[PDB]
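Quick note, the sequences are listed as chains H and L, same order.
For the first sequence, the residue numbers in the authors' numbering are 1 to 52, 52A, 53 to 82, 82A to 82C, 83 to 100, 100A to 100G, 101 to 113, 116 to 217.
For the second sequence, the residue numbers in the authors' numbering are 1 to 27, 27A to 27E, 28 to 107, 111 to 214, 220 to 222.
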Amino acid sequence: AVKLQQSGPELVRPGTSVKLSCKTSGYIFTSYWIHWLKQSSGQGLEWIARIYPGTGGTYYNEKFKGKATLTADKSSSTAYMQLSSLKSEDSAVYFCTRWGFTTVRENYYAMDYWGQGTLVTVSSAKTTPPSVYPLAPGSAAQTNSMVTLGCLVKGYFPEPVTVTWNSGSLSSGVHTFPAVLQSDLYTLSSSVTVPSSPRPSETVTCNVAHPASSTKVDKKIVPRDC
Amino acid sequence: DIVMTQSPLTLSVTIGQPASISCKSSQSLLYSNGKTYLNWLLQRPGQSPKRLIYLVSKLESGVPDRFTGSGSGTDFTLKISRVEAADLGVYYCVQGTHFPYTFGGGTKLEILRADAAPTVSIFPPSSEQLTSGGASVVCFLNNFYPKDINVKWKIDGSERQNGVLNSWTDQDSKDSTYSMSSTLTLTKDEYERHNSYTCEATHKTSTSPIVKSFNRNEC
Ligand SMILES: O=C(O)CNC(=O)CCCP(=O)(O)OCc1ccc([N+](=O)[O-])cc1
């Protein structure tokens, strides 16, 4: 099974540097070229560079020559890309892929495999952990048949946060809405519709993790006692 | 180098109907070997891009017989005969004939679906939040079509109060509805002065039905 796994969400101060990573598995690392892409807003999808792990030979898009640098680790089957002297212009999502193209002569295309992506935020602002608030219904009862629960992840920076219910053991029916930047600070929420069979009895926990601040919050959604 | 230009910017298609994304290029894409390196990528909501067609007309393993790659010279075309709900995404075209490989700007596909009324859910502020002096009353409106819907907040029988913030999701590429979350954020003071809070939803136009509400104190 071919899998490409990338590094986590980086938050970097301008002028510094970061090194992203793409760990391969399932295929023979050194026999294929690995391409790296940039998906920015406005700019939108640019080809950065590529590397052949077998020979260590690289190729760089002229536009990123001197900004990005590629390398590879044969033993671990992990390719790296380094971004130097970061700027606001460098904030985007970077991808890595086993494109599958051979040579102008073979003209053969092996199935492409893409990594998940890595959000990189070039900023000076201070990191702020989110405030999780467990939102439960009430009154003449709400959501009759299926009940919807919710979680409000308020006032954090930067993105992203990783909301999940019962640590992934509750996947069907979850809804997560995009964070909207208000006062230089984000806010997002998520809902989970579970049948009434497991609401009153049977625990439900909203778990939010904030990578940029090494934070984890577990909020047991509780009913109203008033 | 090389400029790929896509059109339309976005497009709505009623499931079953066809669609034609266009990609014009700034130079010729024919290589010495007589080959034209033009590919078409997808990228569905929340996923990475994926190759669909390589060498102008070669469907990849797994691609449906409904997709058609075409073109000649500088004009290229991707045709979808029967649009299915799962084709939701932002199609991109990449030229590979000239070194700095370049992409198009993408064309966003939107599956036109039949109208569907939402399911409203309103939530009172958490006591935990109230101890910090703020109050966010949340209302989840989900599983609806079309997109743009009108949500109304009526505090203590009257209009809005203390500013609302809204957020929709991507269309579900399985079914084809939407989901939105409307958050009313008042301070602790304002919340503690009114007692009835409502969330009405107007399906495009008219007098807003689909109302959910709670009563402060009596909760
Ligand atoms: O390199 C050159 O000078 C000669 N030209 C070529 O080799 C043609 C390459 C064909 P192709 O594999 O489509 O290369 C372009 C290309 C490469 C990567 C990519 N991607 O999304 O990762 C998208 C497009």
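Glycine included, every Cβ here is placed at the ideal spot set by N, Cα and C.
Listed along chain L, the residues sitting closer than 9 Å to H/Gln-133 by beta-carbon distance are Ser-119, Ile-120, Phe-121, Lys-210, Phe-212. Under the Cβ criterion of 8 Å, L/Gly-100 is counted among the residues facing chain H. Between L/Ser-179 and chain H, the shortest Cβ-Cβ separation is below 8 Å. In the DSSP assignment, L/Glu-126 falls within the alpha helix (DSSP H) that extends over 125 to 128.
With a threshold of 8 Å between beta carbons, L/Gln-127 makes contact with chain H. In this structure, H/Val-144 lies near H/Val-199, with their beta-carbon atoms less than 8 Å apart. Contact holds between the stretch 148 to 168 of chain L and the stretch 179 to 188 of chain L, because three or more Cβ pairs, one in each stretch, are under 8 Å apart. Residues of chain L whose Cβ lies closer than 9 Å to the Cβ of H/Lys-62 are, in chain order, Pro-95. By the Cβ-count criterion, L/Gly-57 is exposed, with fewer than 16 other Cβ atoms from all chains shown falling within 10 Å of its own Cβ. Not flagged as an interface residue toward chain L: H/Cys-197, since no C-beta distance is shorter than 8 Å. The C-beta of H/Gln-173 comes closer than 8 Å to at least one C-beta of chain L. Listed by position along chain H, the residues whose Cβ is nearer than 7 Å to that of L/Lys-30 are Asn-100C.
With a cutoff of 8 Å on beta-carbon distance, H/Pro-120 and H/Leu-11 are scored as not near each other. If you ignore the 5 residues before and after H/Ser-84, its C-beta comes within less than 8 Å of the C-beta of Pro-14, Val-111, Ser-112, all in its own chain and listed in chain order. Buried is the label assigned to L/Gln-90, since at least 16 other Cβ atoms lie within 10 Å of its Cβ. In terms of beta-carbon proximity, H/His-201 stays away from the interface with chain L, with every pair separated by 8 Å or more.
Looking at the DSSP output, L/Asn-34 bridges to L/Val-89. Your pair L/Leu-27B and L/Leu-33 checks out as a contact, with CB atoms roughly 6 Å apart and the cut at 8 Å. For L/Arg-111, same chain residues with a beta-carbon under 6 Å away, outside a window of 5 residues either side, are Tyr-143, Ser-174 in chain order. The CB of H/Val-183 never comes closer than 7 Å to any CB in chain L; the least such distance is about 10 Å. Taking L/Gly-101 as reference, the option from H/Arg-94, H/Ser-41, H/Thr-167, H/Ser-122 with the minimal CA-CA separation is H/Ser-41. In this structure, H/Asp-101 sits near H/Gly-96, with a CB-CB distance shorter than 8 Å. What L/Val-136 touches in chain H, judged by beta-carbon distance under 8 Å, is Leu-126, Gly-141, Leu-143, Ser-180, going in chain order. The beta carbon of H/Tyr-100D sits closer than 6 Å to the beta carbons of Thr-98 from its chain, once the five residues preceding and following it are set aside; these are given in chain order. In chain order, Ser-43, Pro-44, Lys-45 make up the part of chain L whose C-beta sits under 8 Å from the C-beta of H/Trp-103. In the assembly as shown, H/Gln-6 is a buried residue. Its beta-carbon has 16 or more other beta-carbons within 10 Å. Ligand 1 approaches L/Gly-91 closely enough that one of its heavy atoms is under 7 Å from the residue's Cβ.
Exposure of L/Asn-28 is indicated by the presence of fewer than 16 other C-beta atoms within 10 angstroms of its C-beta.
Within chain L, the residues whose beta carbon sits less than 9 Å from that of H/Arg-215 are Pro-122, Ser-125, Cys-222, listed in sequence order.
At a cut-off of 7 Å, the beta-carbon of H/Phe-97 counts as near ligand 1: some heavy atom of the ligand is closer than that.
Among the residues facing chain H, L/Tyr-86 is not included, as its CB has no counterpart in that chain under 8 Å away. In the displayed model, H/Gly-159 falls within a helix according to three-state DSSP. Nearest Cα to H/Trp-103 within the set L/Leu-36, L/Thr-117, L/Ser-134, L/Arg-61: L/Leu-36. Residue contact check for H/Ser-130 against chain L: a CB pair falls below 8 Å. When the alpha-carbon of L/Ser-125 is set against those of H/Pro-214, H/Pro-9, H/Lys-19, the nearest one is in H/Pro-214.
With a 10 Å radius around the Cβ and a threshold of 16 neighbouring Cβ atoms, H/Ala-116 comes out exposed.
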